[PDB]
Structure formats: structure tokens, C-alpha cells
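Numbering (my numbering), first residue to last: 27 to 356.
By construction, the Cβ of each residue, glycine as well, lies at the ideal position given by its N, Cα and C atoms.
What follows is a single structure, written as C-alpha cells, with notes after it.
Right, dumping it as C-alpha cells:
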């Protein structure tokens, strides 16, 4: 089997991407944030505290003839950005882009933190990291990909995120029309439960490439590119008037600037992030200070190749017995 779904930016900045997911019988379609940096599929629901729901579509398990309470199971998650959610668990039929899993754990939120409530466009998360990170207790549950894997034509999914445009998530096949040149594959460590890999270095604009190992994770659920402070300083030094602002919480730059590109290495290959991809717009409405898309990972404890980097590539998440990542230009 295969599946193929379109993923759409939630706003004009590509702050996140949502993908429609069918849950239950008859189908209830919710728009979920596909997150290769976590392993829970959780949804706003009929059980979510009413004051914490503001415009999201909810899953109502009592309206699904295939929903079953997973008795005794609870979940609770805290993300890198300080947001959180928790609740109880159902199993139900979940379909993505025509690919169906029966008996998927659907984690129903009883509580969500304010950042979830305030984002009316995201109805929940679909985690695509390794199932060792899943938070369901006392019986840990499998991701949608891990449940689908054995049925797929190939044990892979691909992320093809758009810049200010829709893109695609495919399951079980590699669309050879969706990228240019060849896919370069690179080793993955699953020791922290992430799609963790080592970039071979970077360049800023038309500058020389610096060969240096940068360990980090491929994370579709993180908006920005978080790298070591040395690398980030080297990038922003090429932008007149850019500075790190403790009050704003990262590097800002004059909205009048033209940003340089950023290149990262994948083995002997190179992925080029155009400068425009690194502009996240005014820090507040009407400001002439703009927020940068490349930020320091200092204090986060890991480097994160989030959407700013991934949207410059066609990315293969290879779930074979020994997982690997693939990157192609597009």
C-alpha cells in the first residue's frame, strides 16, 4: 500500500504545516501537524476542556463506530517550545492520503496549553519519530508509520515541504519526479528516538564550505533551523545590522536586508536554503525588525533541522531495519 497527502502552511510565514487526516467511522477529518520530532498522535476532542478549545475541529469518539477506549491508558507530553497536552486514549481507524491503519492509538486531549488553544488551525499532532518516544502509559503505543510499515510497498515516508506553498507527505514510495539529481543517504542514530544524523558542514552565501560535523535531528514539527552558536554567528555576521536580541529571543535583522543563502552538507552533497526562506517577518506588526529563521541551539541541547532546512529538500525517512535519511535538491 501507499498514501499521499498534501500539507499546507498554516499562515503566510510557513509557521507550521497541516495535513488532513481521517479518523473514525464515518470519517472525521482533522488537520494535524505531522511532526518527525515526536511520537504521539493526539487530537483536540469532545473531551478537551471547553475553555481550551477556540476554533479547532474536534474528534468525537462516541460518533465513531470503530472507536474503542484503550482502558486505563493515559498520555502527557511536553514539547521543546514549552507547550503541552495530556489525556486518555482510544483506538480507531486512521487514514492519511488513502493509507489506512486499523487500531491506531488516537490520544484524546483532556488538557492543552495556551499555545495550542490560540492556534485555531492545528487540530492535533501526528508524530513520526520512533515509537520509543511515545508517552502512552502503562502500555506504550506505536506511531502511524510504525503501524503502517509492514503493509507499505517500501518502509519509507517522504517530506516535501513547500516555501510559502503546499507540499506533500508520501508513505510507502519515493516519487522520482519530485526532486532533481540524486538522493544522498546518510546514517541515522535512533538512540534518542529521533531521526538524528550528522551534517558534513555549511556555507554562508557564496562563501567557502566549512567541513565540520553537526549532529542534529530532522524535525518537521519545528519551524526554524537551530544550529551551534558559532555557525549562527557566522551567518548573521553577513547581514548588516543583524543582532541577537535577548528581549525578542533570538537573532533579528533589518527588514530592508537581502538575506544570504545557507548551505548544509549531506555527505558530499549540498542543500542550499535560499535567503528568502530565512525571513520570518516583522517581530510585531509594523516593526522594521524581522525575525531570523536560523537561530542558536545553545540551551536546547540538540541541533534541529526544522522546516527552514527541510523545505529546501526532498527528504526520505527510511524506516528499514537500519534507518537512514535521504536528501535531494528540488
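Nearest C-alpha to residue 169 among 330, 120, 78, 276: 120. At a Cβ-Cβ threshold of 8 Å, residue 72 and residue 87 count as neighbours. The beta carbon of residue 179 lies closer than 8 Å to those of 27, 28, 198, 199 in the same chain, with the five residues before and after it left out. Residue 208 is positioned such that its CB atom lies no closer than 8 Å to that of residue 93.
Excluding the 5 residues flanking it on each side, residue 41 has same chain C-beta neighbours closer than 7 Å at 249, in chain order. Secondary structure of residue 101 (DSSP, three-state): strand. Look at residue 301 here: in three-state DSSP terms it is helix. Excluding the 5 residues flanking it on each side, residue 46 has same chain C-beta neighbours closer than 7 Å at 31, 55, 57, in chain order.
By the criterion of a C-beta distance shorter than 6 Å, residue 255 is surrounded in its chain by 322, 324, once the five residues flanking it on both sides are discounted.
Judged by DSSP secondary structure, residue 335 falls within the alpha helix (DSSP H) whose first and last residues are 333-336. When the Cα atoms are used, residue 100 and residue 60 turn out to be separated by approximately 21 Å.
Spatial neighbours of residue 286 in its own chain (CB-CB distance under 6 Å, excluding positions within 5 residues in sequence) are listed in chain order as 230, 231, 264, 301. Of the candidates 348, 251, 115, the residue whose Cα lies closest to the Cα of residue 130 is 115. Residue range 170-174 is occupied by the alpha helix (DSSP H) that includes residue 170, with no beta strand (DSSP E) assigned at that position. Distance from the Cα of residue 103 is smallest, within the candidate group 128, 151, 83, for 151.
Here residue 217 has no same chain residue with a Cβ atom under 8 Å from its own Cβ, once five neighbours each way along the sequence are excluded. Rounded to whole angstroms, residue 144 and residue 235 show a C-alpha spacing of 41 Å. Approximately 14 Å separates the beta-carbon atoms of residue 244 and residue 159; this is outside 8 Å, ruling out the contact. In the DSSP annotation of this structure, the continuous segment of the alpha helix (DSSP H) that includes residue 261 starts and ends at 255-262. Annotation: the continuous beta strand (DSSP E) that includes residue 225 extends over 222-230. A direct Cα-Cα distance of roughly 35 Å separates residue 310 from residue 223.
DSSP, read as helix, strand or coil, puts residue 89 in helix. Our two residues, residue 274 and residue 308, have alpha carbons roughly 11 Å apart in a direct line. Unbroken alpha helix (DSSP H) runs of no fewer than 4 residues, entirely contained in the segment 166-211, are found at 170-174, following chain order.
Here residue 33 is buried, its C-beta having at least 16 other C-beta atoms within 10 Å. Residue 123 sits buried, since 16 or more C-beta atoms from the chains shown fall within 10 Å of its C-beta.
Per DSSP, the beta-bridge partners of residue 151 are 59, 68. The closest CA to that of residue 175, considering only 352, 351, 356, 343, is found on 343.
For the options 233, 259, 221, the alpha carbon positioned closest to that of residue 241 is the one of 221. In the displayed model, residue 289 falls within a strand according to three-state DSSP. DSSP places residue 317 in the strand class (E or B) of the three-state scheme. In this chain, residue 279 is not harboured by any alpha helix (DSSP H); it is covered by the beta strand (DSSP E) spanning 276-280. Going by C-alpha positions, residue 202 is about 43 Å away from residue 271. Comparing alpha-carbon positions, the option among 204, 181, 90, 70 lying closest to residue 139 turns out to be 70.
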